[PDB]
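# Here we go, the starting part of the complex in its complex frame:
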Amino acid sequence: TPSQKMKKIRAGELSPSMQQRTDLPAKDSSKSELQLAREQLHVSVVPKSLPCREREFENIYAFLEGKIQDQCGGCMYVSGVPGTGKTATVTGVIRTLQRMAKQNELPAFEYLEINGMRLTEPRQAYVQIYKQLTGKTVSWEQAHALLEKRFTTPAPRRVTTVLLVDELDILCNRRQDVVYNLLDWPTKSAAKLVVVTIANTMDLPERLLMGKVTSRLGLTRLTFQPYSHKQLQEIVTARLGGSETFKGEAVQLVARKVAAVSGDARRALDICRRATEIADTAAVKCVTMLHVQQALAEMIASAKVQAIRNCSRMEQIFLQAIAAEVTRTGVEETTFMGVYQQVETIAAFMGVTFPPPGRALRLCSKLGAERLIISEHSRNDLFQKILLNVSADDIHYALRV
């Protein structure tokens, strides 16, 4: 019976494994140099020593080593825009401290991790923390009671537990009881809990956290600033290593065009991979700057000119008429009746006949599904409101030239 399977799953007795391949995977001797550079430029291949994040590594390592050696516990809050190496630096500090604990240079500790976006409710945070100490899946009330008995009652020899909370702002709700429980357990003396919380917004503790929760969160913060173009160039150049599959100016072009938009590292590592896949098709062993410009045109896309260029005749007349009605009445949100009057004017100027209003609603629905315009349901015909989602100069560029 599968109820024994679920009994052993909720107790953690059988491991959740996955199906395996019938073919053995490829060897690194059969791969080309461009395939090896494509494998090293994958964002999932995180390096052991991260470039450009040495000072943040020193900060987090000093905090965590002090909180482990002092046997006290506390809390830290790191933050920054996505792709700036927050979780990679924090888990690298955790791996370095675990390597130092395996060689008796440090007191031992137990490292738990949760992610606020891998939970469906914040209360299920209690189900995951208790699933990382014992391995049993219980209800959240029983898990919260057992965690409360673990962290309030003193018991020698308790070991230090370092709790990582990714995406803290998903645990914040109207009542703020999960985040208050996770930031209140370090304040007790019997709990050797160190809570490091990672998020994106810098002003999160003052924006949406209550006064006691930002009172317990602390003032030891760290901000992961976005990467400059020198830093993206150093990241990608360290990913490539001793190969010469990339040019020295191609990496600089990716770094200059990515560091100006977001400062993300995932964006640079994906645009370089797309450039590698473009250069693989053109039968060249290196990635020149033209493949990089082609990949930067494809990944940083802007395809609202080609969509208007590929519309039909009546749809382009409708797109001219919405812009002409916006010019005529001044306001941006135009009803269907004035748009249809301008349709009749433009079609009588062009000399072609137009469909009746029942098919003009079909043209409006086709343009609204593609989100070239913003339209309502067609149940209120001749009085439905139309916004022009594309700019008015884009239509005059797409149709004139």
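Happy to help now that I have it. Numbering: from 1, shown residues only, chains lettered A, B, ... in the order given.
# Return the set of buried residues in whichever helix or strand residue A:362 is part of.
If you go by DSSP states H and E, residue A:362 is part of helix A:357-369. Buried residues in helix A:357-369, counted by 16 or more other C-beta atoms under 10 Å: A:360-361, A:363-368. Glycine gets a C-beta too; all of them are placed from N, C-alpha and C.
# Moving C-terminal from it, which element do we reach first?
Next along the chain after helix A:357-369, taking DSSP H and E as the criterion, comes strand A:373-374.
# what packs against that next one?
helix A:357-369, strand A:385-388 (3 or more C-beta pairs under 8 Å, 6 or more residues apart in numbering; DSSP states H and E).
# Which neighbours in the sheet does that strand have, and how are they oriented?
strand A:385-388 (antiparallel) (DSSP bridges).
# Please work out which residues outside the partner strand touch it.
Residues from elsewhere that reach strand A:385-388 (C-beta atoms under 8 Å, 6 or more residues apart in numbering): A:319, A:322-323, A:326, A:332-336, A:339, A:364, A:373-376.
# So how do I select the buried members of the residues you listed in ChimeraX?
Applying 16+ other C-beta under 10 Å to those leaves a buried subset, and the ChimeraX line that selects it is:
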select /A:319,322,323,326,334,336,339,364,373,375,376
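# Switch the buried residues of helix A:357-369 over to JSON lines; also include distance to residue A:260.
Below are the buried residues of helix A:357-369 laid out as JSON lines (distance: C-beta to C-beta, whole Å):
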{"residue": "A:360", "distance to residue A:260": "42"}
{"residue": "A:361", "distance to residue A:260": "43"}
{"residue": "A:363", "distance to residue A:260": "39"}
{"residue": "A:364", "distance to residue A:260": "38"}
{"residue": "A:365", "distance to residue A:260": "38"}
{"residue": "A:366", "distance to residue A:260": "36"}
{"residue": "A:367", "distance to residue A:260": "33"}
{"residue": "A:368", "distance to residue A:260": "33"}
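# extra chain here, label it chain B:
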Amino acid sequence: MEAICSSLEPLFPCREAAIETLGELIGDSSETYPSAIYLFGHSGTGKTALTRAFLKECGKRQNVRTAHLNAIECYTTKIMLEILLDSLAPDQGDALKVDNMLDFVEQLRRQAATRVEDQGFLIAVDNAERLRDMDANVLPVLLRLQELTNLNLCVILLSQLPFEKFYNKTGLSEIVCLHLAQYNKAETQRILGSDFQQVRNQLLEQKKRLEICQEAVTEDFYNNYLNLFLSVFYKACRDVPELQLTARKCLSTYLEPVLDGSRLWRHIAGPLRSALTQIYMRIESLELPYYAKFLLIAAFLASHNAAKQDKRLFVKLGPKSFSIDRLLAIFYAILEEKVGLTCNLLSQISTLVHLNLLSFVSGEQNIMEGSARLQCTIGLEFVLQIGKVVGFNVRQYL
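This next block brings in chain B, placed alongside the chains you saw above:
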């Protein structure tokens, strides 16, 4: 497809083009069906009965499984899916269980079979205007159920509106629209004269009158009667069931000088323009208490008579709203007996609200607090009848 059209053309005269198109599209199950057909028309055009008879004849003569719905019944989507999977996957009993659209699509996918049997499915969703009031994924999945379930099925939608009312903010798939245009005068006369044998046998069922009946109640006589009927009735309605239900009664009146013993347009032209005035009433003096009568005409004067003029008329568009203090003030002003404000008077106000002679335009949560606003919902003739049976002239106070 010729057998189904040749079998439906006796039952539906003057619909040979519509039955021809429906036999071209979904007539033969050995050929593939379009993804969705949408046939639409006015009321009384015969689009419930035609698709119902078409689906029954296709299920009898061929290997299809039919389902006829009504989208008014489906207050949730689980009701619609339960009816659909009950009719499309029969002999299932109380084991039928459809959670959502996904379970419906998987259980329809399991109903596929081999190619040599030539099976098909047909779904008729009558009153389809309600489909755009449902949970916003019913209509886009119904329009592509053939592609989704990988079946030889067609979804027939029936409504009184064109398909231009159905386009939503995300778009819809393609559909084969079909128009059932309402009949003109000659086609309507042909439909009304199609039941001549039934009318003749029912008349002969109900003895010199029977002998003088069976000599001339013939087809030309019934067609001249239908000409005299449609000369007066066709301007107000073209709806075929109403014309049938009134033409039978006017024939029952029309045959009186013929059975008793030109020359016939006058004796029916009395009752024909008597019965034209009672079209759309399918029928085969409001007594009130004294103070309820006075409260009702006081509410009429409160809604009608321009509340700035209340300072002059009693102190000695649309119906305007009033508060119950103004109603009681006008009631005590026009009664001139000055009865006691007991509980029965305010109970009469509440039960005149309850009987839909008044209404609640505003308030309804501060009824005792003075912010509730009422409105009178009767006409002038009833107020004049009340003032006549009481003796109080309202036109003096109007």
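# Check the buried residues of helix A:357-369 one more time with chain B there.
Across helix A:357-369, burial judged by 16 or more other C-beta atoms under 10 Å in any protein chain shown covers A:357, A:360-369.
# Return only those of these found close to chain B.
The subset of the buried residues of helix A:357-369 lying close to chain B, counting by C-beta under 8 Å from any C-beta of the partner chain, consists of A:357, A:361-362, A:364-366, A:368-369.
# In space, what's closest to the closest residue to chain B within the stretch 251-400 of chain A - neighbours in sequence excluded?
Closest contact between the stretch 251-400 of chain A and chain B, by C-beta to the nearest C-beta, is at residue A:369 (3.3 Å). Nearest non-adjacent residue to residue A:369, counting by C-beta to C-beta, 6 or more residues apart in numbering or on different chains: residue B:171, 3.3 Å away.
# what about the one you found, how many neighbours?
14 (other C-beta atoms under 10 Å in any protein chain shown).
# Quick check: the gap between residue B:148 and chain A.
Distance, residue B:148 to chain A, using C-beta to the nearest C-beta, to the nearest Å: 19 Å.
# Is it correct that that residue is in contact with residue B:105?
Yes - in this structure, residue B:148 is within contact of residue B:105 by C-beta atoms under 8 Å, at 5.4 Å.
# who touches both of these two?
Contact criterion C-beta atoms under 8 Å, 6 or more residues apart in numbering or on different chains; residues shared by residue B:148 and residue B:105: residue B:141.
# The residue of the stretch 101-250 of chain A found nearest chain B: how many residues sit nearby?
Residue nearest to chain B within the stretch 101-250 of chain A (C-beta to the nearest C-beta): residue A:120, separated by 18.7 Å. Residue A:120 has 7 neighbours, counted by other C-beta under 10 Å.
# Extend the structure above with chain C:
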Amino acid sequence: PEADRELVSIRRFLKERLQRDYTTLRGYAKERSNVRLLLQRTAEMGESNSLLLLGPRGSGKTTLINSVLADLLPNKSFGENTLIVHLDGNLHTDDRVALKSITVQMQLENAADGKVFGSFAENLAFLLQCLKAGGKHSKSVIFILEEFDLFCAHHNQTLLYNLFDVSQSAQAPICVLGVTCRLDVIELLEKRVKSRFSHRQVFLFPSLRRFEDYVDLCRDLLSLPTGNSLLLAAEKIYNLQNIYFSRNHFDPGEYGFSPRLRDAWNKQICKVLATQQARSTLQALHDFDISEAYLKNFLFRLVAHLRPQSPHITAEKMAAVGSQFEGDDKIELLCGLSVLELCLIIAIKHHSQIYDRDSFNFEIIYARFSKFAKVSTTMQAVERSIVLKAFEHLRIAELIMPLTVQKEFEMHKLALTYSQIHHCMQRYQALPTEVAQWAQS
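If we add chain C to the chains shown above, we get the following:
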């Protein structure tokens, strides 16, 4: 008679090729190659990717995915080291329903014949525990999410955040496909979901904007193919069915045409499409909508007319189907009203032309109608209730819409234009001259 059975076979072949045949794709030489090489690099080399097919509704988005999958799946290197999870945003309207479907389609340990045990949170924990425990030694999962913007509308985009997080992590090599009709779907993502999405987007604007490609497509959709091409297509379809659409596909091995019949049919088709009336009808259709679904709808209604008394396709049949397409429908609803509703609509048109589209009422329109009905010598004997029922019939047919009060006093709007009523006055049968004269002034 033999000449009718061959036409039944031709009509059945053309209808089944138009409706079915989910794998044959026309055009898209670069986009199909991009999607195919991406899926093959995921399955063979174990890479994790994400992709977004974009384009208008009616272009070959699902057909490109079906063509790529039907060409990759009988390889027995893609077919044996890869499991495929199809999700649809119209059916999987919740992350819970989508997660039960992912758990069933991956054949996980808590599935047990299509009835997943555990809650939504337990199913998410078990799915991420299975995907985290994998690596390059495990099978590749290919998630194909159609109606992707509906997956963007879920709670916290939480399933999206997880499906894009296994792609960015040293876990089981999954590949995420997103097939949606919107062009600005990437501004519906949150900043973390947008950061984890590899921004490669494939755009599928149709390559039949110019009219000669439209005429070539209308020729290739109506032609009978060569028997060797028929045998090659039946070979590929039987091969993909040897290992989902393949249960009911086109399968052109059942149809065999003689060379003289195919010769006569293709000569007739090219002779018809060379004319000016057929090209004028295709020009009207190409002016309205350039997608292939509209043309396939036209050609289905054209092929369904092939009765054995009239076997050939001719240009007047195409003109008749174009006349069916191009007409207005509210005008044809207006020609079915009685004369009482027509005088009511003329009174509404007079009120809107005088007062500049002010909202009207039953009493205003009834007064304007009763001023005409006193001198008409045909509408003397209409009551108030019959005109109220005619007003209600105009209201429920949505020729009159409310501004969203008593029923005889609720305000309204005319849902027609003046040109539609002016064409109704010309197309109406047996309209009396009093109404036709009152409509002018």
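# ok chain C is in now, so what about the neighbour count of residue B:171?
19.
# That one - that's part of a helix, no?
No - in this structure, residue B:171 is coil, not part of a helix, as judged by DSSP: H, G, I helix; E, B strand; the rest coil.
# Show me what the helix holding residue A:362 is in contact with.
With C-beta under 8 Å, 6+ apart as the criterion, helix A:357-369 contacts A:311, A:314-315, A:318-319, A:336, A:340, A:343, A:354-355, A:373-375, A:378, A:381-382, A:384, A:386, B:162, B:164, B:167-172, C:56-57, C:181-182, C:288-289, C:328-330, C:417, C:420.
# same deal with stretch A:48-60?
A:76, A:78, A:85, A:88-90, A:92-93, A:196, A:222, A:224, A:227, A:231, A:234-235, A:238.
# quick one, what contacts the closest residue to residue A:319 other than its chain neighbours?
Excluding the flanking residues, the one nearest residue A:319 by C-beta to C-beta, 6+ apart is residue A:395, at 5.2 Å. Neighbouring residues of residue A:395 by C-beta under 8 Å, 6+ apart: A:308, A:319-320, A:323.
# Now with 10 Å, please.
Residue A:395 makes contact with A:304-305, A:308, A:311, A:316, A:319-320, A:322-324, A:372, A:388, according to C-beta atoms under 10 Å, 6 or more residues apart in numbering or on different chains.
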